[PDB]
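Chemist:
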Amino acid sequence: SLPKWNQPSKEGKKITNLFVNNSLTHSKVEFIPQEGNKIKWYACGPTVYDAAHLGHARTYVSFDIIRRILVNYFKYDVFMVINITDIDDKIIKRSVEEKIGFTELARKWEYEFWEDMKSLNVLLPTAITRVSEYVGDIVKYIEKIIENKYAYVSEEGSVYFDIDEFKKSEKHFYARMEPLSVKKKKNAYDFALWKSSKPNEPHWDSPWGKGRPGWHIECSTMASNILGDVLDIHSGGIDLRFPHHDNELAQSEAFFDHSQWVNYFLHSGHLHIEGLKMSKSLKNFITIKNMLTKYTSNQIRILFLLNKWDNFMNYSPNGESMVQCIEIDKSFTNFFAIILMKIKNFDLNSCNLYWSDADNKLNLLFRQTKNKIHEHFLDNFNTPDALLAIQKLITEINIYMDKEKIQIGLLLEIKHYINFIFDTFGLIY
Amino acid sequence: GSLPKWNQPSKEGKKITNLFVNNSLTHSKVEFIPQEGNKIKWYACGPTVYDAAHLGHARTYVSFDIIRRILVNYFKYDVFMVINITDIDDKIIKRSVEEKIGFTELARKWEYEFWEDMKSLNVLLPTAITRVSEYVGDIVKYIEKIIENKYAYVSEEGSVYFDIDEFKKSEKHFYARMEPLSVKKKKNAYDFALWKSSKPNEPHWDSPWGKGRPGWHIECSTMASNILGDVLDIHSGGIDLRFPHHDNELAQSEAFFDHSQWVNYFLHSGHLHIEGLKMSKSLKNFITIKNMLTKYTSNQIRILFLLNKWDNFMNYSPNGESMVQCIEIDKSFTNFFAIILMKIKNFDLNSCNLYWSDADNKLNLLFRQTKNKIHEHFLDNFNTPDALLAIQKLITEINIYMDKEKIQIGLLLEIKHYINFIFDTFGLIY
Ligand SMILES: Nc1ncnc2c1ncn2[C@@H]1O[C@H](COS(N)(=O)=O)[C@@H](O)[C@H]1O
Ligand SMILES: Nc1ncnc2c1ncn2[C@@H]1O[C@H](COS(N)(=O)=O)[C@@H](O)[C@H]1O
Ligand SMILES: Nc1ncnc2c1ncn2[C@@H]1O[C@H](COS(N)(=O)=O)[C@@H](O)[C@H]1O
Ligand SMILES: [Cl-]
Ligand SMILES: [Cl-]
Ligand SMILES: [Cl-]
Ligand SMILES: [Cl-]
Ligand SMILES: [Cl-]
Ligand SMILES: [Cl-]
Ligand SMILES: [Cl-]
Ligand SMILES: [Cl-]
Ligand SMILES: [Cl-]
Ligand SMILES: [Cl-]
Ligand SMILES: [Cl-]
Ligand SMILES: [Cl-]
Ligand SMILES: [Cl-]
Ligand SMILES: [Cl-]
Ligand SMILES: [Cl-]
Ligand SMILES: [Cl-]
Ligand SMILES: [Cl-]
Ligand SMILES: [Cl-]
Ligand SMILES: [Cl-]
Ligand SMILES: [Cl-]
Ligand SMILES: [Cl-]
Ligand SMILES: [Cl-]
Ligand SMILES: [Cl-]
Ligand SMILES: [Cl-]
Ligand code: NA
Ligand code: NA
Ligand code: NA
Ligand code: NA
Ligand SMILES: [Zn+2]
Ligand SMILES: [Zn+2]
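As given, the protein sequences belong to chains A and B, one line each in that order.
Per the working numbering, numbering of the first sequence is gapless, rising by one per residue and ending at 429.
Per the working numbering, numbering of the second sequence is gapless, rising by one per residue and ending at 859.
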């Protein structure tokens with residue numbers, strides 16, 4: 001009578017002993033691919049009606065880092081999909097007051113969104129799926145949900161998910177991740193898959209009449225069509241856990257008539273500003289473009305690296321939060337300057353190369369750091385502690401370069417390792 | 430039992446990739462297992478610095494550079510690599526008297542040129558460089574311990590010789606583990622000098638046994654032992670060095686530590702031949718690395734080696750016959766990057782429909798197949814020839830997809846990043 005989770009079998013799968021905080025189990029569990037070393041991942045994208053703000057940046061940069069860890073560090077094979085919500089009540093209302101038109105507006109703010117991602121060094125996904133391009137597939141998806149007796153059609157022409165029918169099934173549980181958050185309709189908790197459209201509203205043809213997709217049906221449709229019956233990872237901010245993500249699971253479970261559409265559901269914590277979530281609704285937001293007029297990409301990525309992806313974070317404006325980010329950015333910059341110049345200008349003809357005790361000591365700390373970072377990454381993508389490991393290492397390399405006789409080959413190897421980690425962080429020096 | 434036995438490392442607590450390597454100790458492909466965790470301690474015999482390096486030298490150092498890059502960059506093993514510089518040697522001594530420029534100055538000259546040649550070929554420097562001139566004191570202490578364990582004796586002239594018969598008697602010791610069939614002052618003709626009493630007009634060093642110079646092989650056991658210790662994961666070199674140089678290193682180090690296995694995996698690269706014979710200084714058939722670089726680029730030379738399995742022999746056709754294919758491959762890669770970078774830049778999100786089409790699905794399917802083919806090849810004793818071919822086939826389809834199909838920009842980025850990742854593992858630069 002309470003929801004259960006099935007862990008993937010380990011037979012035939014890439015095993016790293018990675019553990020992640022899974023919202024389906026409300027706990028840290030071992031990450032195991034559904035197939036081989038493959039990771040099918042779907043991530044909720046923006047509604048393109050306005051600029052993106054620092055809170056959006058927190059989620060997309062945090063999960064960009066995680067993706068980089070998964071691909072660049074652990075050498076998993078990741079296929080990532082992001083939707084663009086270019087049809088929405090919000091897009092419609094903003095397009096009338098601006099009088100610029102449904103599509104011109106969606107395309108404008110989609111452009112600015114990818115430009116903002118580009119500025120933060122956020123990698124593009126393998127696939128981008130616009131809702132406008134998938135309306136035909138949404139209708140076919142909805143039709144099968146009805147064919148499976150888990151959705152019904154109102155007289156106005158709307159289609160609603162039948163929660164009671166879905167629960168009835170022993171194979172299904174509704175609201176797996178937030179159980180306690182639960183005239184035309186059967187039950188008040190039923191939500192629309194297809195919304196009948198007024199003559200003055202944009203609409204699409206359907207077997208049930210002119211209408212528009214409902215709030216959650218799009219994400220289940222596109223992810224199912226591109227990634228199929230089992231997603232390894234589905235991600236988003238914690239606010240989307242209920243009702244958006246829980247409703248995605250009900251739709252996809254109802255469509256495929258199975259019990260687990262997602263193995264691992266990851267939720268980033270919110271960025272708060274003066275104790276409240278950064279939200280357009282609260283008019284407390286800092287745009288990404290505004291943030292880049294005072295701080296660089298490396299500095300902003302360091303800020304997110306310092307805050308565990310799954311915890312809440314508080315941003316103090318006026319740069320109180322960014323002081324530490326700027327100090328770390330400075331130490332990284334100067335470190336690379338010295339080690340690069342020393343590498344480039346080092347002359348072997350004049351240098352004595354005997355492997356000294358200081359060389360042995362630095363090397364030992366270097367290999368210890370590699371292990372500390374590996375354990376940190378396995379521990380739910382603990383970048384704050386991995387970043388500290390790099391800083392401690394750099395403190396000792398700095399001492400060695402200044403005083404000790406330098407083994408050039410050792411310094412090269414150290415530079416290569418730190419480049420590799422910084423590429424995993426998305427830092428660029 | 431008249432045949433050497435090999436101890437495979439335990440698998441418990443160690444990184445297992447299912448990599449297989451051609452281990453000259455077993456004369457076979459065996460699963461590679463680190464001695465400790467994911468660490469690999471690796472020692473590689475370096476050059477003798479009395480002259481220029483040639484294409485055969487290049488083949489071995491580039492081949493093992495690629496292998497090192499695969500182990501580190503692809504499989505994420507933790508590798509410590511040591512290369513010696515043989516800057517004391519009969520040849521160095523003979524040339525420095527003919528030139529009258531002086532022993533260290535001459536060795537330092539050709540050492541400089543060796544490293545400039547490696548940098549031109551994009552060969553990464555090892556973690557540790559050990560000059561013999563810097564380790565002669567340690568060489569002497571090493572010899573002392575070998576004598577204390579009764580595995581070496583001192584001639585009256587002041588030379589010190591390894592005692593093969595004493596060494597073989599031990600049940601724990603077997604002499605010539607890798608070429609069993611290749612086996613006056615001395616007890617037996619098969620004994621070899623660890624320390625040689627000093628010839629007149631030759632440089633010399635003090636020792637408890639008199640003025641002398643290290644013998645041919647003692648340096649490599651000494652430096653590898655002092656920095657890496659009693660068990661090397663990997664020891665590498667050209668196949669000609671397997672016997673007597675590498676088998677004698679094993680006898681020296683086993684005698685020093687009095688144990689049974691100093692090296693877990695011994696890798697020997699194949700020779701580069703020119704007109705059916707090994708490229709050799711003695712045969713006067715060699716092409717210098719510098720000479721080669723006036724006609725061909727680093728990428729082209731590395732592609733030449735990528736196409737030939739590291740442990741096979743390869744025949745180099747001169748006048749650029751063998752380099753024709755390499756230059757074609759390098760040009761196709763250059764054009765590929767020029768094109769894919771332009772298409773990425775010119776992509777307009779307003780301009781393009783982004784629906785995940787069946788052509789997008791087909792290219793992606795091929796892309797993931799290529800990743801697995803390349804993984805299987807790297808596990809298959811570092812089969813770069815078959816991996817390079819996999820990249821070439823993929824690039825051909827990406828070229829077709831770009832010309833006609835409506836392109837998924839994110840897919841193209843992922844593909845370009847993977848190819849950059851594989852090309853970095855190859856030491857290619859585009
Ligand atoms: N203050 C905040 N802190 C962290 N993440 C935040 C956020 N606000 C939204 N998201 C997240 O940003 C993404 C895009 O939001 S959307 N659907 O376009 O409004 C979603 O994953 C939200 O949870
Ligand atoms: N385990 C390791 N230890 C040390 N250096 C390592 C490394 N893995 C990669 N590099 C290094 O990281 C870079 C690979 O680029 S990439 N894949 O896009 O991040 C190169 O500079 C490698 O030498
Ligand atoms: N024709 C050839 N093909 C491939 N490898 C060759 C080679 N000649 C020498 N080496 C190799 O190049 C390295 C240089 O060492 S030394 N003692 O200075 O010559 C050794 O590992 C030789 O086996
Ligand atoms: Cl499952
Ligand atoms: Cl993302
Ligand atoms: Cl991979
Ligand atoms: Cl506009
Ligand atoms: Cl940037
Ligand atoms: Cl600044
Ligand atoms: Cl902070
Ligand atoms: Cl120097
Ligand atoms: Cl970097
Ligand atoms: Cl044995
Ligand atoms: Cl052993
Ligand atoms: Cl090498
Ligand atoms: Cl010089
Ligand atoms: Cl170069
Ligand atoms: Cl033999
Ligand atoms: Cl060591
Ligand atoms: Cl020799
Ligand atoms: Cl061979
Ligand atoms: Cl040229
Ligand atoms: Cl050329
Ligand atoms: Cl080049
Ligand atoms: Cl060839
Ligand atoms: Cl490259
Ligand atoms: Cl490039
Ligand atoms: Na139920
Ligand atoms: Na919520
Ligand atoms: Na014996
Ligand atoms: Na030989
Ligand atoms: Zn969604
Ligand atoms: Zn050697």
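Heads up, the beta-carbon is just placed ideally off N, CA and C, and yes, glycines get one too.
Let's test the definition: count the other Cβ atoms within 10 Å of the Cβ of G136/A and tell me whether it reaches 16, buried, or not, exposed.
Modeler: exposed
Chemist: Please tell me whether, using a cut-off of 7 Å, the distance from the CB of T726/B to the nearest non-hydrogen atom of ligand 23 is below it.
Modeler: yes
Chemist: Find the residues of chain A that neighbour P555/B, judging by a C-beta separation of less than 7 Å, and give them in chain order.
Modeler: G409
Chemist: Please say whether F596/B and residue 419/B have beta carbons closer to each other than 8 Å?
Modeler: Past the edges of chain B, shown from 430 to 859, lies residue 419/B, and the structure says nothing about it.
Chemist: For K149/A and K28/A, what's the separation of their Cα atoms in angstroms?
Modeler: 35 Å
Chemist: Here's the rule I'm using: 16 or more other beta-carbon atoms within 10 Å means buried, otherwise exposed. How should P33/A be labelled?
Modeler: buried
Chemist: Please list, in chain order, all residues of the same chain as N307/A whose beta carbon is under 6 Å from its beta carbon, the five residues on each side excluded.
Modeler: Excluding the 5 residues flanking it on each side, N307/A has same chain C-beta neighbours closer than 6 Å at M313, in chain order.
Chemist: Closer than 7 Å: is that where the CB of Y859/B sits relative to any heavy atom of ligand 27?
Modeler: yes
Chemist: Give me the Cα-Cα distance between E631/B and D423/A, rounded to the nearest whole angstrom.
Modeler: Note on geometry: alpha-carbon atoms of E631/B and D423/A lie some 53 Å from one another.
Chemist: Run through the DSSP bridge pairs and tell me what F161/A is partnered with.
Modeler: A151/A
Chemist: With contact counted as at least three CB pairs below 8 Å, one residue from each stretch, are the segment 789–796 of chain B and the segment 834–847 of chain B in contact?
Modeler: yes
Chemist: When you compare the segment 482–492 of chain B with the segment 526–546 of chain B, are there three or more beta-carbon pairs, one atom per stretch, that lie closer than 8 Å?
Modeler: yes
Chemist: At the 8 Å Cβ level, is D232/A part of the contact set with chain B, yes or no?
Modeler: no
Chemist: List the DSSP bridge partners of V450/B.
Modeler: Answer is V459/B.
Chemist: Looking at the unbroken beta strand (DSSP E) that takes in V508/B, where does it start and where does it end?
Modeler: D507 to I514
Chemist: For a minimum of 4 consecutive residues, which ranges assigned as the alpha helix (DSSP H) are wholly contained in the segment 770–826 of chain B?
Modeler: 787–808
Chemist: With 16 other CB atoms within 10 Å as the buried threshold, where does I339/A fall?
Modeler: buried
Chemist: Any C-beta of chain A sitting closer than 8 Å to the C-beta of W785/B?
Modeler: yes
Chemist: How is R498/B classed by DSSP in three states: helix, strand or coil?
Modeler: helix
Chemist: Let me see if you follow: with CB-CB separation under 8 Å, is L365/A close to chain B or not?
Modeler: Taking a beta-carbon distance threshold of 8 Å, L365/A does not count as an interface residue toward chain B.
Chemist: Looking at the secondary structure, which residues open and close the alpha helix (DSSP H) in which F734/B lies?
Modeler: For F734/B, the enclosing alpha helix (DSSP H) starts and ends at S727 to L735.
Chemist: Note down, in chain order, each residue of its chain lying with its Cβ closer than 6 Å to the Cβ of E375/A, except the 5 sequence neighbours on either side.
Modeler: none
Chemist: Does ligand 18 have a heavy atom nearer than 7 Å to the CB of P609/B?
Modeler: yes
Chemist: Measure the C-alpha to C-alpha separation of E248/A and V262/A and round it to an integer number of angstroms.
Modeler: So the two alpha carbons sit approximately 10 Å from each other.
Chemist: So if I threshold CB-CB distances at 9 Å, which residues from the segment 487–514 of chain B count as touching chain A?
Modeler: So the list reads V501, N502, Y503, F504, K505, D507, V508, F509, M510, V511, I512 and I514, given in the order they occur along the chain.
Chemist: Answer yes if the segment 2–21 of chain A comes into contact with the segment 95–109 of chain A, meaning at least three C-beta pairs across the two stretches below 8 Å, and no otherwise.
Modeler: no
Chemist: Between the segment 570–592 of chain B and chain A, which residues of the former have a C-beta closer than 9 Å to a C-beta of the latter?
Modeler: none
Chemist: Quick check: the segment 499–513 of chain B against the segment 743–763 of chain B, are there 3 or more CB pairs under 8 Å?
Modeler: Result no; under three Cβ-Cβ pairs closer than 8 Å.
Chemist: For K802/B, which residues in chain A fall below 9 Å Cβ to Cβ?
Modeler: Going along chain A, no residue has its Cβ under 9 Å from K802/B, so there is no contact; the nearest lies around 13 Å.
Chemist: Does DSSP classify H270/A as helix, strand or coil?
Modeler: In the structure shown, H270/A sits in coil (DSSP, three-state: anything other than H, G, I, E or B).
Chemist: What I want to know is whether the C-beta of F74/A ends up closer than 7 Å to one or more non-hydrogen atoms of ligand 2.
Modeler: no
Chemist: If contacts are defined as beta-carbon pairs under 8 Å, then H700/B and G667/B qualify, I think. What distance do you get, rounded to the angstrom?
Modeler: Taking C-beta atoms under 8 Å as the contact rule, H700/B and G667/B qualify, at a distance of about 7 Å.
Chemist: Using the Cα positions of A788/B and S611/B, report the straight-line distance between them to the nearest angstrom.
Modeler: 59 Å
Chemist: Please state whether DSSP places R537/B in a helix, a strand or coil.
Modeler: helix
Chemist: So is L432/B buried or exposed if we call it buried at 16+ other beta carbons inside 10 Å?
Modeler: Looking at its Cβ environment, which holds fewer than 16 other Cβ atoms inside 10 Å, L432/B is exposed.
Chemist: Could you tell me how far apart the beta carbons of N37/A and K14/A are, in whole angstroms, since I believe they sit closer than 8 Å?
Modeler: 4 Å
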